[PDB]
Structures are given as structure tokens and as C-alpha cells.
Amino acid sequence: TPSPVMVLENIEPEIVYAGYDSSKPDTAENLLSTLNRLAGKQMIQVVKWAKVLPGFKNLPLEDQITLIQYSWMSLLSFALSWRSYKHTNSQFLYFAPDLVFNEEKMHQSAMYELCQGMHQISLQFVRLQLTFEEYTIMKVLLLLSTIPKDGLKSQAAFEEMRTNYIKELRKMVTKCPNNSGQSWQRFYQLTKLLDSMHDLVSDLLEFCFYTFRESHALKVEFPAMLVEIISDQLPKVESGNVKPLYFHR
């Protein structure tokens, strides 16, 4: 009886804490190591979420794993923007209740410009007054936004799921009385915003791949969950096996 949207609300991961330790200095190494542990905890939640996401179990298991590994940074970034919007009206980057970045933290992390790019997305949520239902559907479209260039196991199952979620977003936006007279314009602003995530996420991934490769030299710690994702994904990236999907490019 519940709609896919109702299911998406039910399965949305609860907000987690970073374990930020106020007895340690805010060096880039400490901040990045803390963020990496946070992201590891969030990614374990993303895997559990994906297991009960409507339609996802109908893709081959290998494709489910691939899509998580090809989208993880987009999923985390998009959820970060939502939390920042909801809990601070996009004044800060709300990584977790115990890890909230102002401009000082953005500098201390050694990721100022990357954080500024993310902050711009959260500001677009304010401009749009993005709704929770739009957010939940768009997050699934991000899961389905980047594919191997040499093929998923089932193209057909992937295209069916992606088409279904695009239709969910289009129907929701165009049928909502809050959007009357402007609903197609809003739909295209939302799809343009999804496309803009690829630029930002590529940049975030490049820096993360760097500190991963140089982890021991740079003293930037990564939890096993991220080591699993990055060890599987980085060779595919280096080989050129990544195809971002765009609505308008």
C-alpha cells in the first residue's frame, strides 16, 4: 500500500554523530580523519538503505555494488546539503550535530574551495525551497547518475529503474499545487541542479583520491568502509571507466 515516496521517508537514514574530539587540535589531519570516519559510518547506512530502496533489488547484485561505489560521494554530498539547509538554513555545512563547519573550519580542513562549492548547492536549496520529497527522489537519481563506461551487467534493469525515478520526480513536481504555472520550469531547475553535482563531486573525489593514496605520508586516516570503496573504485577511475549521465549535456 505505501507509495515509493512513503517508503523513501521510512528508510531515510537517521542522522549520526562524527565522534568529534574537542581535546584534539583542529589540524587538517585531525579534521579530515574525523570526516572520513563520519563518512564511513554514513556509508554503512547507505548500504542498508540501498537494500530496501524500491526497485534496487531488481538490479543484479554486482550492479548494486557498482552503483554505490560510483555514486557514494554524490550521495554524501547531497545529504550534507540537505542537513545544512534543514538544520541551519544553509548558513553552515552541517556534517553532523558535533561537526558543523563555518568558514574557519573550511580553511582548517584544507578544503576551503571544495566546501565553498558545496555551500553553493545548499544555497540553491534555499532559493528553490527544496522539499523533503524532492530531496529523497533526487538522491535516488544520484545513485543512478554515474555508470561504468564498459557496461552494467543489466542495462535494461538499470534503465527501467532510472526511468521510473525520473517519472516519479516529474509527476510529483508537475502535479503539486504549489508549483502551478511553473512546474516544468521547476523540474528543469532540479535536473540542472543534479547535473551540477557531477562537477563538484569530481573535484571532491580527486582530492579524496589524493589523500587516500598519500594517506600514511599525510597522516590522514580512512576507515575500512572507505578503504573498500576507494580500493575498488580508484582503478576504474584511473582506467577511464566512468560515464557521468547528464539531463542537459
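Position 1 is the first residue in the sequence shown; the rest follow in order.
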*For the stretches 71 to 79 and 162 to 170, which has the higher mean C-alpha B-factor as given in the deposited record?*
162 to 170
*asked:* Mean CA temperature factor from the deposited coordinates, higher in 132 to 140 or in 116 to 124?
replied: 116 to 124
*Looking at 62, 26, 195, 203, which has the biggest Cα B factor in the entry?*
26
_Candidate set 178, 145, 84, 154 [ranked by C-alpha B-factor, highest]_ = 178
*asked:* Considering every modelled residue of the chain and its Cα B-factor in the PDB entry, is residue 239 in the lowest, middle or highest third?
replied: middle
_Is residue 38 in the lowest, middle or highest third of its chain when residues are ranked by C-alpha B-factor?_
lowest
*Thinking about Cα B factors across the chain, which third does residue 50 belong to?*
middle
*Using the B-factor values recorded in the entry, state whether the Cα atom of residue 31 falls in the lowest, middle or highest third among the modelled residues of its chain.*
middle
_Please place residue 217 in the lowest, middle or highest third of its chain according to the CA B-factor in the PDB entry._
highest
